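Q: Pasting the sequence and an experimental structure:
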Amino acid sequence: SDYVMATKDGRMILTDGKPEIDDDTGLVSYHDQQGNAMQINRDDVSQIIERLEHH
């Protein structure tokens, strides 16, 4: 329930909510920290990390 996005160029983008891989557009959609809807070329994304939360 805490997603992290790894980019092919090394960056380790934190996010708010689960990103969206649209294979129909070749785009990954996401919200960052300031409530901003963003889009990044799927191609520049290498991994989608879900960090499970535990009580």
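A: Cool, got the structure. Residues are numbered from 1 along each chain as shown.

Q: ok, residue 1 touching residue 53?
A: Yes - between residue 1 and residue 53 there is a contact under CB atoms under 8 Å: 4.8 Å. For every residue, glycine as well, the C-beta is placed using N, CA and C.

Q: Identify the contacts common to those two.
A: Shared contacts of residue 1 and residue 53 (CB atoms under 8 Å, 6 or more residues apart in numbering): none.

Q: neighbours of residue 21, just the number please.
A: Using other CB atoms under 10 Å, the number of residues around residue 21 comes to 14.

Q: What helix or strand is the closest residue to it other than its chain neighbours located in?
A: Excluding the flanking residues, the one nearest residue 21 by CB to CB, 6 or more residues apart in numbering is residue 28, at 5.5 Å. If you go by DSSP states H and E, residue 28 is part of strand 27-31.

Q: Identify the residue nearest residue 26 in space, chain neighbours excluded?
A: Closest to residue 26 by CB to CB, 6+ apart is residue 42, at 4.9 Å.

Q: what residues are up against that neighbour?
A: Residue 42 touches 21-23, 26-28, counting by CB under 8 Å, 6+ apart.

Q: Equivalent analysis for residue 29, please.
A: So residue 29 contacts 19-20, 22, 37-39 (CB under 8 Å, 6+ apart).

Q: mind redoing it with 6 Å?
A: 20, 39 (CB atoms under 6 Å, 6 or more residues apart in numbering).

Q: Any idea what it is bridged to?
A: Beta-bridge partners recorded for residue 29 (DSSP bridges): residue 20, residue 39.

Q: ok, it to residue 38 distance?
A: For residue 29, the distance to residue 38 (CB to CB, to the nearest Å) stands at 7 Å.

Q: all strands of this structure, in order?
A: 2-7, 12-14, 20-22, 27-31, 37-41, 45-51 (DSSP state E).

Q: one step back: TSV for the contacts of residue 42, including distance to residue 15?
A: Converted to TSV, these look like this (distance: CB to CB, whole Å):
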residue	distance to residue 15
21	13
22	16
23	19
26	19
27	14
28	10
